[PDB]
Amino acid sequence: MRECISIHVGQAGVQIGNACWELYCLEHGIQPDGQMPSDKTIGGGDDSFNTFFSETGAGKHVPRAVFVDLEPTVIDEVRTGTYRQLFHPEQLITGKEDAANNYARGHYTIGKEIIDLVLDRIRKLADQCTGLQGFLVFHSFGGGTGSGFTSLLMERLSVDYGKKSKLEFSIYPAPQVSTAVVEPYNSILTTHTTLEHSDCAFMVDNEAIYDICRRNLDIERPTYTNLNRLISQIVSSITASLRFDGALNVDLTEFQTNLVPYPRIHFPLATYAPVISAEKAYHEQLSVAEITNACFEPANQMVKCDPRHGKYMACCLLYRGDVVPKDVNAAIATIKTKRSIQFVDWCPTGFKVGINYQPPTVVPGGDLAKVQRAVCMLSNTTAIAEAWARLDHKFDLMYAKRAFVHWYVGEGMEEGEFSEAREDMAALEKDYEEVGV
Amino acid sequence: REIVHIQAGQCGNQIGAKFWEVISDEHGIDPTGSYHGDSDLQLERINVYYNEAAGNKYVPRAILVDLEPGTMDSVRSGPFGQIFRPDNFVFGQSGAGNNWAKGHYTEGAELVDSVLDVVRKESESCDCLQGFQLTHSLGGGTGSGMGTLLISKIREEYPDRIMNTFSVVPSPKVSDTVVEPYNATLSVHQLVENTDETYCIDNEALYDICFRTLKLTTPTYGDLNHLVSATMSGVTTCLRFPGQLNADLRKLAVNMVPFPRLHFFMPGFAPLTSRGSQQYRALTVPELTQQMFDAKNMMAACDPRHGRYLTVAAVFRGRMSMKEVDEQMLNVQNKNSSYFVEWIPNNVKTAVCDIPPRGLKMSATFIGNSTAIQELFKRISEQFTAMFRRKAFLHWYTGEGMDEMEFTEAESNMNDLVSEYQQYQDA
Amino acid sequence: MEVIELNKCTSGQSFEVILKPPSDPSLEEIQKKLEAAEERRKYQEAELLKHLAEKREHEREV
Amino acid sequence: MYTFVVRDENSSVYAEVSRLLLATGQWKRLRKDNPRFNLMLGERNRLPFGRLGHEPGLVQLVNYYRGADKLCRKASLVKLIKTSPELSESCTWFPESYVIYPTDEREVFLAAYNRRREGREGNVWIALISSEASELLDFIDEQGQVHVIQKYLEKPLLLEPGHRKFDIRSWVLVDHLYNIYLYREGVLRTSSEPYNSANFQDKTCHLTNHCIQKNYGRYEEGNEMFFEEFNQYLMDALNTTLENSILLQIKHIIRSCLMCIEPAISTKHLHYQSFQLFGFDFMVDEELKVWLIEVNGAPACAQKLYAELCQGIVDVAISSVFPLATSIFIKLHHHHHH
Ligand SMILES: Nc1nc2c(ncn2[C@@H]2O[C@H](COP(=O)(O)OP(=O)(O)OP(=O)(O)O)[C@@H](O)[C@H]2O)c(=O)[nH]1
Ligand SMILES: Nc1ncnc2c1ncn2[C@@H]1O[C@H](COP(=O)(O)OP(=O)(O)CP(=O)(O)O)[C@@H](O)[C@H]1O
Ligand SMILES: c1cc(CNc2cc3c(cn2)[nH]c2ccccc23)cc(Oc2ccc3c(c2)OCO3)c1
Ligand SMILES: Nc1nc2c(ncn2[C@@H]2O[C@H](COP(=O)(O)OP(=O)(O)O)[C@@H](O)[C@H]2O)c(=O)[nH]1
Ligand SMILES: [Ca+2]
Ligand SMILES: [Mg+2]
Ligand SMILES: [Mg+2]
């Protein structure tokens, strides 16, 4: 058994972490007070769920989680929420005043004053770890904390923990739920500085989650709460292999082996089905074939793009519920005939399949209907680079005029970092196109 | 995240008192400083603007400044006079004679350190101060000259704090003296350097609005200030009430100001209403959106179609469909996208607050960062030059120690600002 | 077609299906980047506080 | 008020569509980089498909199908036929062709040619038209990039008076629902010099290109014969009609090609939508069999028809998606049960 530490940075990371840790508790039968009746390993153990929870002599199961924001108000809602007893104050780290959507402010100015304290509270959890695999880092591209401080944390973790794997869940900015305008700057700056410190990064475009909530959950104008519960379902699907018995994606290392042949191109695309409104009266339950085929519909993807116009380097299918291998392989064979699924010539054309029999857990009072079977597909397709192209073009439009740059220079950052990061992205965009056409 | 509020001079104190009168009502604070509201939503951010005192009484974090006592005596005997902390009335006796020099260099200089003592005392009682705001005019001498001296000295003592202003720009249609272009030009230079957001209230737009739309044949300054306080309440709504997302002044400024000197905004309000005259028909979201984007509803006398929007913020208040808001906001941009700069993507942002203002079921506040504001500064420059080429009325200033060079300098800087706006209008 | 590495437990199972075969900077440099930006800040703050000092001199002179 | 942008200025067809759209009073043109468009008339190179369909509150439509180049490139078209089972190396209406890379299936073309020379059968090929394999294998290496080799049709149907050659051009509109519309008016880009079966090196009677023919204008105005006459000439000379002898095959070829790549390019469930205008080029042999030569993805129209086709595009491809405040197209559909 090897432990995983989760780091939630900024507003988006913190509120997504709460969504995830709440779902984890329901999945493992852990109550809000940290008691887990079914665990008979009182005060310890090396069960799979211990990867994400530690135990106290009093039988309290505590997340291996650090929440960090440069501003108290979001994390205060953790300290007073339904799961207040779950975490202890040493895990919740807040500043006074935030990065104001300014990458330079979160990385250089404000980050410098808090980085040491955070690394200390992380090193207090890693001390309780018999063997640490690495970290799961949740954050937004857009925020000043999520972009700036995250990349500073990641640089240092590669120093303090050189052997130790690092995975991100990153919220890609969307205008529909953002009141910011400088997010393209922060996104490119954090990607350039984090890229060679991250082994695998799962991007979630808020635009895609937003439209999924509208189309399939019949929610007129989604809130962060609607978005985060859906995101946590997908994050849980990705991390379930780390928390339950199985043989696929059992350690953070296997994630990059199975999904990331090329280190730089480490942005797998997640597609999830089915999303069904809990308020939908009559629902015909969907088969293995139907949900699997839905993994190739762009409208079910975490990032709107067209995989038909790129090439796959890897593909995992992760099932929850009543699924058996015979039906999976029959569905794949049908889908292969009907759909354009073209791999790079040096990778085998195939799918790694993991089935967990427990059907997905849903938050009581949420927007998601319970389903008999669900699937999350992790595919490393070059088509996700469309998201880099959109973001880079927005960056180019503003930077040509140096709009908003004075804010970043005024916190100690040099205009040349803008052009360094942008060309790194230009190199990344060509890496994707070498491989994909 | 507390804000410290300062109001300076005749105009600054009259509009400023209306602000505290309006929001004190919105937060259920009576003229005694005692809370008598119904909801808890109207006390969650009350720390932003009010200090809590003994007796569960709320005291505005407001400093009242003048160089003559007449207007501040009228404030204390005024509708909400008792609520202000009496130690925060800081005033001289000699007046400023509608003279920027007196307010900035001689009479104001004598008084400024006393004002800054109160500012410091109010600041040190702030858990996390997030900035300052000032109300003042640019046409007189105290608010214009001493107000900008205060701003310079506040930035010296608090160089990293946000500073925002409501600045009443002078106009000959509503005018007290002929030297207003002189005082405005000198003040604008200071604002260009030392403020993060300046909401430009042009006193003739308020006049045309009161006359042509509210059908008031002889509007008073009081009618003019009703429109201003409606906007002041509107633009601060999302700091004073829990809502969609909370941004501190810095984050708000970051996303509205792409260039440090171009921070002079065009405010607007819909529906436009007069005191007393009761509105019975609520507006539909399409009606609010058309009106708040219409030139007639702007309070800086500038045609938005003569320039391009760098950024726009809109604050809707009341119960309404945020979906309908999204669609109507997206309809305005997609229908007139040639008045928005194509090189700042998604530069129109929106917020909604469920709490409507007093007397309206529904309202919208418009904040426009348009290059059309250059027309306001061109007007001042023309009026400035018309007198300055003959050195007219300068003796009022040279007698306080000023040289012609400082005027030449002030004139040149504002002509730079105008040309800076023109660069981005053609990009 | 070909189903391999099948592995079963009480919780679920996993396998692989192939349809076809194929054809860090140091804590030193970090500290320096950050401090080279903190000095960049105080140079800018000093120029402002200087520019404000020249203004103060002009106020005394008027 | 719908909005659109223009990003291909060399486009004769969409230059006219732009004119039609503005002259309705309900469409307005923005500038090339204004991303708030309902409709895009895009460039032919590196059109940024990845940036479409991400503008909140704007239904977005582009006049090109991402992925359609696999049909409109000679190297890729050859590939698509002998690689897609629905077209299948045995395809009956596409000339025998191979992909040869300059120093690939050159070996395969040596063998399939040898019992076409040492098999006592007719023998000519095209890329240069020759009858010896080395005359061609020396020319493709000498010119640069990959070329397509293709069997040359030594028995083309010839138009009398003149004993001439021709090729048929048909314009096809695929809308966002992937309806396949054949414009009823085609054209024959005819030769005016009689076909010379012996000397292939003079390529004025072998190559029917409207430009490379500029005996211009003798028989028809512009080396362009329209469908009413070609129908009449077929009736008088061969007793048949255009519909029966040729067009049925044309519709079959058009439909087979576009249905083959439909899964790869369809925008049914996509966040943006595509239509596209294609020009198919056919070639009739003496036995009245239709052969597909090439598919042009950015076709120019003929002068008499611009008014009609460019209106048709607006009616069924644009206004279907952006409605405003008998038909000139033949809809190609067929579901035979088996
Ligand atoms: N999905 C999701 N996205 C969020 C959430 N909260 C914020 N965001 C996104 O984050 C972006 C802005 O960055 P934030 O995370 O809010 O800012 P931050 O990380 O707290 O850093 P600061 O700027 O210092 O406050 C916007 O584009 C939002 O869409 C959330 O709860 N769920
Ligand atoms: N296998 C074959 N047999 C006989 N003739 C052939 C042939 N392949 C091509 N041709 C002739 O070559 C001529 C032009 O060929 P092709 O269509 O490749 O040129 P092109 O691509 O410039 C036409 P467009 O201008 O419409 O794009 C046609 O008139 C056709 O008759
Ligand atoms: C504090 C806050 C503001 C509002 N500033 C703001 C808002 C938004 C924004 C950028 N900036 N972007 C947005 C997107 C969506 C919604 C809102 C915003 C203005 C202000 O100025 C004064 C100055 C003197 C006064 C005064 C107010 O009241 C009495 O005296 C003070
Ligand atoms: N809106 C408004 N403007 C005013 C008022 N009083 C004066 N002004 C304007 O301010 C200018 C005079 O400045 P003044 O208020 O005397 O500055 P002071 O010396 O600081 O008090 C004139 O151009 C007027 O248009 C008022 O009550 N309301
Ligand atoms: Ca255990
Ligand atoms: Mg935050
Ligand atoms: Mg006066």
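Residues numbered from 1 in each chain as written, not as in the entry; some residues may be left out. Chains lettered and ligands numbered in written order. Part of a larger assembly, values for the part shown. Heavy atoms only, no water.

## Description of the interface of chain D and chain B
Where we set the bar: It only takes one pair of heavy atoms within 4.5 Å for two residues to be counted as in contact. By buried area we mean how much accessible surface two parts lose on assembly, using a 1.4 Å probe and totalling the loss over both. The term salt bridge refers to a pairing of a side-chain nitrogen on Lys or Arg with a carboxyl oxygen on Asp or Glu at a separation within 4 Å. Residue type decides the class: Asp, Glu, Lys and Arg count as charged, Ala, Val, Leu, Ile, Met, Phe, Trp, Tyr, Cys and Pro as nonpolar, and the leftover types, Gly among them, as polar.
At the interface, 10 residues of chain D touch 7 residues of chain B. When the two sides are added together, the surface that chain D and chain B hide from each other amounts to roughly 680 Å², 50% of it contributed by carbon and sulfur. Inspection of the region where chain D meets chain B yields 0 salt bridges. By residue class, the composition of the side of chain D that touches chain B is 4 nonpolar, 3 polar and 3 charged.

## Overview of the sheet that holds strand 7 (residues 147-151) of chain D
Residue and element names in this part refer to chain D. Rule in force here: In this analysis, strands are considered paired if DSSP registers two or more bridges between them. Put simply, DSSP H or I for four residues or longer makes a helix, DSSP E for two residues or longer makes a strand, and each gets a number counted from the N terminus. In this analysis, axes come from line fits to C-alpha atoms, helices being fitted only over the stretch in contact, and the angle between any two N-to-C directions falls in the range 0 to 180 degrees.
Strand order in the open sheet formed by 3 strands is 5-7-6, with antiparallel pairing between adjacent strands. Each edge of the open sheet carries a strand with a single partner, namely strand 5 (97-100) and strand 6 (125-126). Bridge count for strand 5 against strand 7 is 4 bridges, and the pairing is antiparallel. Bridging across to strand 7, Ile100 finds its partner in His147. Seen against the sheet, helix 2 (residues 74-83) touches strand 5 and strand 7 and runs at an angle of roughly 125° to strand 5. Its contacts with the sheet place helix 3 (residues 106-117) against strand 5, strand 6 and strand 7, and it is angled at close to 145° to strand 5.

## With respect to the packing of aromatic side chains
Aromatic rings considered in pairs are described by the distance between their centres and by the relative angle of their planes. Rules: Aromatic rings from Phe, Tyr and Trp, with only the six-membered ring used for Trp, were paired whenever their centres fell within 6.5 Å, and each pair was classed as stacked if the ring planes differed by under 30 degrees, edge-to-face if by over 60, and tilted otherwise. Partly exposed residues are those whose accessible area sits between 20% and 50% of the maximum for their type, while under 20% is buried and over 50% is exposed, using a 1.4 Å probe and protein chains only. Any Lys NZ or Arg CZ that is within 6 Å of a ring centre and within 35 degrees of that ring's normal is treated as a charge sitting over the ring.
On inspection of all chains with the given rule, the structure shows 67 aromatic pairs over all chains. Ring centres of A:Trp21 and A:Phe53 lie 5.3 Å apart, and the angle between their planes is 90°; this geometry places the pair in the edge-to-face category. You can see A:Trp21 sitting in helix 1 (residues 10-28) and its partner A:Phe53 sitting in strand 2 (residues 53-55), a full 32 residues away along the chain. By the burial criterion, A:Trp21 is buried, and A:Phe53 matches it. Following the ring pairs from residue to residue traces out a cluster consisting of B:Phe19, B:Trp20, B:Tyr49, B:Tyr50, B:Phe84 and B:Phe89. Positioned over the ring face of B:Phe89 is B:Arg76, at 4.1 Å from the centre of the ring. Over the face of the ring belonging to D:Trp291 we find D:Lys289, whose NZ or CZ atom lies 4.9 Å from the ring centre.

## Digging into the interface of chain A and chain C
Heads up, the condition is: Throughout this description, a polar contact denotes any pair of N or O atoms lying within 3.5 Å of each other; where both atoms belong to protein, one of them has to be capable of donating a hydrogen while the other can accept it, and for residues adjacent in sequence the pair is counted only when both atoms sit in side chains.
Tallying the contact residues gives 40 residues for chain A and 32 residues for chain C. Each partner contributes to the roughly 3,100 Å² buried at the junction of chain A and chain C, and carbon and sulfur atoms together form 57% of this total. Linking chain A to chain C there are 3 salt bridges. Here A:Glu414 and C:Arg40 are joined by a salt bridge, their closest N and O atoms 2.4 Å apart. At the boundary of chain A with chain C, the tally comes to 16 residue pairs in polar contact. Within the residue set of the side of chain A that touches chain C, elements represented by two or more residues are helix 3 (103-109), helix 5 (144-160), helix 11 (325-338) and strand 11 (349-356) of chain A. Here the element with the most residues in the side of chain A that touches chain C is strand 11 of chain A; it accounts for 8 residues. Along the lines of polarity and charge, the residues of the side of chain A that touches chain C split into 17 nonpolar, 13 polar and 10 charged.

## Focus: the pairing of strand 4 (residues 62-66) of chain B
All names here are of chain B. The element strand 4 is largely enclosed, with a buried count of 5 among its 5 residues. Of the two faces of strand 4, both are covered, the one formed by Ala62, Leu64 and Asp66 as well as the one formed by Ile63 and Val65. As paired elements, strand 1 (residues 2-8) and strand 4 share 4 bridges and run parallel to each other. Looking across to strand 4, one finds that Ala8 is bridged to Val65. Pairing between strand 4 and strand 5 (residues 89-91): 3 bridges, direction parallel. What sits directly across from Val65, in strand 5, is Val90.

## Quick notes on the domain arrangement of chain D
Residue and element names in this part refer to chain D. Our working rule: Domains are outlined according to an automatic or database domain assignment.
For chain D, the domain assignment lists domain 1 (2-62) and domain 2 (68-71 + 157-332). Using C-alpha coordinates to define each centre, domain 1 is positioned 26 Å away from domain 2. For the pair domain 1 and domain 2, the two sides together bury roughly 2,000 Å², of which 74% comes from carbon and sulfur. Applying the counting criterion to the domain 1 and domain 2 interface returns 0 salt bridges. Per-element tally for the side of domain 1 that touches domain 2: the top contributor is helix 1 (residues 12-22), with 7 residues.

## Description of the pattern of salt bridges
Any two side chains of opposite charge can pair if their charged atoms end up close together. Here the structure, examined in full by the defined rule, presents 72 salt bridges over all chains. When the shortest N-O distance is used, the salt bridge between B:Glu327 and B:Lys323 registers 4.0 Å. Within this pair, B:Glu327 and its partner B:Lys323 are both found in helix 11 (residues 322-335), separated by 4 residues, close to a single helical turn. For B:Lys323, a relative accessible area of 33% puts it in the partly exposed group. The partner of C:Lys50 in a salt bridge is C:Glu54, with the nearest N and O atoms 2.6 Å apart. In this pair, C:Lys50 and C:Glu54 are both assigned in helix 1 (residues 27-61), 4 residues apart and thus about one turn of the helix distant. Look at C:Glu54 and you get partly exposed, because its relative accessible area is 43%. Shared partners join several salt bridges into a network, and the residues in it are A:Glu97, A:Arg105, A:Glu411, B:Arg1, B:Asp160, B:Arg161, B:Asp248 and B:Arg250.

## Examining a nonpolar patch on the surface
Threshold: Like-charged residues are merged into a patch within 9 Å and nonpolar side chains (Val, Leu, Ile, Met, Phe, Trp, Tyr) within 5 Å, provided each residue has over 30% relative accessible area and no salt bridge. Values of accessible area rely on a 1.4 Å probe in the Shrake-Rupley scheme; residue burial ignores everything except the protein chains shown.
Together, B:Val178, B:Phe393 and B:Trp396 line one region of the surface with nonpolar side chains, adding up to about 310 Å² of accessible area. Tracing the sequence through the fold places B:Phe393 in the loop between helix 12 (374-388) and helix 13 (395-398).

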